[PDB]
Each structure stands twice: as structure tokens, then as C-alpha cells.
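Engineer: Generate a structure from the sequence data that follows.
(2 chains)
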Amino acid sequence: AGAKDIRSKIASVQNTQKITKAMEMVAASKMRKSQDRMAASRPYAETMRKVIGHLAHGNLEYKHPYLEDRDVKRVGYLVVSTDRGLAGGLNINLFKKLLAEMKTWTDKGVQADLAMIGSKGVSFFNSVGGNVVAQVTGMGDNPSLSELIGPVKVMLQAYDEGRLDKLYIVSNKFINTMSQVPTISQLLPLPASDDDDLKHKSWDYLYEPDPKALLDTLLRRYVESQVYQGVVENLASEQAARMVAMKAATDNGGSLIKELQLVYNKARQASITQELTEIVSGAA
Amino acid sequence: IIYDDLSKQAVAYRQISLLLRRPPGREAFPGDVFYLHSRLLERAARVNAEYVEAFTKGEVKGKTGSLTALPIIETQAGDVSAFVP
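Structural biologist: Numbering: from 1, shown residues only, chains lettered A, B, ... in the order given. Find the structure here:
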């Protein structure tokens, strides 16, 4: 009913378009806040990396299970995912890259299992039927490391007891506002390239109680910081993807409105012409 | 031959037609509107040599005549689905 309902449909599409236009700006501001958090996160991680490098590559070289190379018999991943929809194809791209690597490791006969952050990954990998050992959901904005302590603790327990031989973090990277990339990077064993120094380990740190327990705690805190930083960066990438998707949705609504208006105008003219032909014919 | 605004012709038949009280059809054009263009356009054709010889009374032989036509039609809002287009 062009005279009755199409006029209502046009208004509904207009309202939806305005709502998406607002959502784009909301996402753009949340992206800036997430960028500030992400930039704040780095120096703690880089300082702890400097300390672990000094302890590992000092004149006296220690050996630790989290540090030494071990042959591969089981491979593990932990994956971050969004808890809200929209955000384009970010989650699906990340999941299919993870599935490609998981299939590559399966072909070598290596058993794999997953730790999960975010409900989208939980649902997708339950549909796939991959082994999920741990899950955490519902961070929303302002995610906390305190929640993260769990899954990393259980993945560490699996790794050091021999159940796991290598560990990867799967997340998207905020290259910039316009571009994001899904990436996978190793956590255990410590992949970082060696470094050399003289000042350190010459004017060596006094160790209390002993250098080894401090190294264990330091490595655990380092991997925890790595996964927290990955989570924050993935959140920022989610916000950027949502901004882009909302721009596209607003443009689509704006394109639909004009075609609906053209159809409505054609119907409007046709109705007037038909009814006036009827009126004139009725005056026999 | 390049007729310009064959649309502006169709509006003119409607006026001569509505002034003659003839019942309008879809939109406001009379049903004869198709016959109007069909009989004008159908004259553009290529004729075999025998027709030319018959018409010329044997003066011209072995040549085929032709008449190309490029009608122009104007659409509102790019609507190719209108009646006259």
C-alpha cells in the first residue's frame, strides 16, 4: 500500500540510518579510549622484557622450562574474541586463520586444544567441535587482568607438566585506525631473540631470596602481561571494525531511502491519475 | 534520420487526443500511443534491390536503399520502466 505503508517504511529506514550514524561516532570515541589504554600498557611489558633479557643472557646463563626449547608433541592456543556482534568479519577471519594453522598441525599428528576469551569464539569453536579447555566472557569495555589470570594459569599448568609443548596467542593487531590484521604469535617457549650487554650482570642485581624463584615469577608475570596487551589491542581493533561497519550501514540505508522514495512517488502519481480518470468517466 | 524528443511528440498527441475527449489509458496517454510510434518507426528499413527497381520503374538497378533512425527518449529519474520508454 504505497499510500499507506511505504511512507512508514521510509521513516523507519530514516530512523535506523540516524541511529547507525550515531553509533559510528560512539565507536570512534571508544576507539580513541582503547588506543590510550593500549599505549599505556606497553612500557611495563617492555621493562619486564628488559629484565628477563638481562637475567637470561647474562654472563651466567640460567635454564628454565618456560625458556628452553622443547620438542613438539601437543600444540596449544588461546584466542580472544568479541562479546558483541557487528564489527564486520573480524572474528570469522581470525577463526579461519586459526583453523588453517590448527589443520596444519593436525596433519602432522599433533593434538591441539584451545583457551577461549569472548563468547563468539566459544560459540564458533563449539560448532567446530574443537577442544576448549578454558573460557572467560563478559569483560566488555575496561577488561581486567584479574579475570585473565585464570586461563593463563591453567595453560601454564598444562605447558610445564608436559601436556603442552608450545603456546600461541591469537589476536588482531591495531596497526592504525584504518587497518587491522589477524595475527598469531608464540608465548611459550620464550621466542624473543637474544641480546647482549655489559653494564647489566657486571654491576649485577643482588638477588633476594635467590635468582631462580624471581625468574619464575618474572616469566609468569611477563606472559600474563603479553596476553593482557593482546586483549586490549583486540578490543581496539573491534571498535575500529564497528566504526567502519556502521559507516557502511549508514550509506546502505541512505541508498535504500531514495529508491523507496522514487517508488512511492510513482505510486502517488499513478493513484491520482487513476482516481481522476474514474471521476471523469463517472460523469457520463 | 534522428528524431529529437519523440517524447515531446507523445505529449502532443495526448493534448490533441484529450482535447478530442478520447478516453485515456495508462498514465494519460490514449491506447493509440503505441500505434503512433510503431507506424513512424517502422518506416526505417533496408530494402532489397528488387523493391528499388520496382519503385524506380527500372531506372536504378542492383542498389539497396536504407534509412537509419535514432529516436531519442527522455526518462524521469532514470526510470526505464515507464510507459512510453
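Engineer: Flag every residue of chain B that's near chain A.
Structural biologist: Contact residues of chain B with respect to chain A, defined by Cβ under 8 Å from any Cβ of the partner chain, are listed as B:23, B:24, B:27, B:28, B:77, B:79. For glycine as for every other residue, the C-beta is placed from the backbone atoms N, C-alpha and C.
Engineer: which residues touch the residue in the stretch 101-250 of chain A that chain B sits nearest to?
Structural biologist: Across the stretch 101-250 of chain A, the shortest distance to chain B (Cβ to the nearest Cβ) belongs to residue A:250, at 22.9 Å. The neighbours of residue A:250, taking Cβ atoms under 8 Å, 6 or more residues apart in numbering or on different chains as the test, are A:17, A:20, A:21, A:24.
Engineer: one more time with 10 Å, if that's ok
Structural biologist: Taking Cβ atoms under 10 Å, 6 or more residues apart in numbering or on different chains as the criterion, residue A:250 is in contact with A:16, A:17, A:18, A:19, A:20, A:21, A:22, A:23, A:24.
Engineer: How about residue A:260?
Structural biologist: Taking Cβ under 10 Å, 6+ apart as the criterion, residue A:260 is in contact with A:2, A:6, A:7, A:9, A:10, A:13, A:14.
Engineer: hmm, 8 Å instead?
Structural biologist: A:6, A:9, A:10, A:13.
Engineer: hang on, the first one is in a helix, isn't it?
Structural biologist: Think residue A:6. Yes - with the criterion set as DSSP: H, G, I helix; E, B strand; the rest coil, the secondary structure at residue A:6 is a helix.
Engineer: Can you report how many residues lie near it?
Structural biologist: A count of nearby residues for residue A:6, using other Cβ atoms under 10 Å in any protein chain shown, gives 16.
Engineer: Just give the closest residue to it, not the sequence neighbours.
Structural biologist: Closest residue in space to residue A:6, ignoring its immediate chain neighbours: residue A:264 at 4.7 Å, by Cβ to Cβ, 6 or more residues apart in numbering or on different chains.
Engineer: nearest residue to residue A:94 other than its sequence neighbours?
Structural biologist: For residue A:94, the spatially nearest residue (Cβ to Cβ, 6+ apart) is residue A:182, at 4.3 Å.
Engineer: Look up which helix or strand that neighbour falls in, please.
Structural biologist: Assigned by DSSP states H and E, residue A:182 falls within strand A:180-188.
Engineer: Sheet-wise, list the partners of that strand with their directions.
Structural biologist: Strand partners for strand A:180-188, identified by DSSP bridges, are recorded as strand A:166-174 (antiparallel).
Engineer: okay, the partner strand in PDB with CA atoms only?
Structural biologist: What follows is strand A:166-174, C-alpha atoms only, in PDB (Å, rounded to 0.1, in the frame of the first residue of the first chain):
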ATOM      1  CA  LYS A 166      54.200 -24.700  22.600                       C
ATOM      2  CA  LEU A 167      51.800 -21.900  23.200                       C
ATOM      3  CA  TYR A 168      50.400 -19.200  20.800                       C
ATOM      4  CA  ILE A 169      48.300 -16.100  21.400                       C
ATOM      5  CA  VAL A 170      45.800 -15.500  18.600                       C
ATOM      6  CA  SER A 171      44.600 -11.900  18.300                       C
ATOM      7  CA  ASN A 172      44.100  -9.000  15.900                       C
ATOM      8  CA  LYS A 173      46.600  -6.100  15.800                       C
ATOM      9  CA  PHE A 174      45.700  -2.500  15.700                       C
END
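Engineer: Which residues does it contact?
Structural biologist: A:35, A:38, A:70, A:72, A:75-80, A:90, A:94, A:97-98, A:101, A:155, A:159, A:180-189, A:226-227, A:230-231, A:233-234, A:236-238, A:240.
Engineer: Pull out the buried residues from stretch B:38-57.
Structural biologist: Taking 16 or more other Cβ atoms under 10 Å in any protein chain shown as the basis for neighbour counts, the residues of stretch B:38-57 that come out buried are residue B:52.
Engineer: Test my guess that residue A:117 contacts residue A:81.
Structural biologist: Yes - in this structure, residue A:117 is within contact of residue A:81 by Cβ atoms under 8 Å, at 6.3 Å.
Engineer: Do you have the helices of chain B handy? List them.
Structural biologist: Taking DSSP state H as the test, the helices found in chain B are B:6-19, B:33-41, B:49-56.
Engineer: would CSV of the ones you listed with distance to residue A:51 be doable?
Structural biologist: Formatted as CSV, these follow (distance: least, Cβ to Cβ, whole Å):
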stretch, distance to residue A:51
helix B:6-19, 82
helix B:33-41, 88
helix B:49-56, 101
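Engineer: Neighbours of residue A:106, how many?
Structural biologist: Applying other Cβ under 10 Å, we find 13 other residues in the vicinity of residue A:106.
Engineer: In this structure it contacts residue A:99, no?
Structural biologist: No - taking contact to mean Cβ under 8 Å, the distance of 9.9 Å between residue A:106 and residue A:99 leaves them out of contact.
Engineer: rewinding a little: let's see the strand holding residue A:182 as CSV, backbone CA atoms only.
Structural biologist: Extracted in CSV, the C-alpha atoms of strand A:180-188 (Å, rounded to 0.1, in the frame of the first residue of the first chain):
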residue,chain,number,x,y,z
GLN,A,180,43.8,-4.2,11.4
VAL,A,181,45.4,-7.6,10.9
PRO,A,182,44.7,-11.0,12.5
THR,A,183,48.0,-12.5,13.8
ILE,A,184,49.3,-15.4,15.8
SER,A,185,52.4,-15.2,17.9
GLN,A,186,54.2,-17.6,20.2
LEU,A,187,54.3,-17.2,24.0
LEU,A,188,55.9,-20.4,25.3
